[PDB]
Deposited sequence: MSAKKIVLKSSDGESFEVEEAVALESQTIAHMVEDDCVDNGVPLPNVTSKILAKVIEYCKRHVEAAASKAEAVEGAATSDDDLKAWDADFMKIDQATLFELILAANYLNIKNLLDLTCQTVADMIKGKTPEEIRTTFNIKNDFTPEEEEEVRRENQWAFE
């Protein structure tokens, strides 16, 4: 009953109850609901999820997916995607983490020594 338009300008037709899973679409809700921050590839995946209500996806696809869940405000999807990312954090060293997430360490050695000492000595 609702047409969603992706940032690729492609139209998706979904049952009202599926579209209303997104609080962002809910609030916007008809020539089409434009979604400039959500790609077709990732809108397709979001719709699959919302229809059913899967994580065997690659890192990039996963990061596009959390951003979409956040942008569309789909809480159950946000929970699942965030839990999946958290699970990539659990048990890892800071070095293993920023390898997985491609993050640059922006601490001075001295900054990082102070924090590590405090973490281990006071908080663990």
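**Student:** Provide the list of deposited-sequence positions lacking C-alpha coordinates, grouped into contiguous ranges.
**Tutor:** No C-alpha for residues 1 to 4, 34 to 38, 63 to 89.
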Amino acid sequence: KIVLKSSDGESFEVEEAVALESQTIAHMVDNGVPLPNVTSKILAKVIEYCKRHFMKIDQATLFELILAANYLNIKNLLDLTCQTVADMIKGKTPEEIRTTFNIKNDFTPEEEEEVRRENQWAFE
From here on, numbers count along this sequence of modelled residues.
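**Student:** Is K41 a gap in at least one third of the other compared entries?
**Tutor:** Result for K41: often missing, at least a third of the compared entries.
**Student:** Within the set of other compared PDB entries, does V14 lack a model in a third or more?
**Tutor:** yes, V14 frequently unmodelled elsewhere, at least a third of entries.
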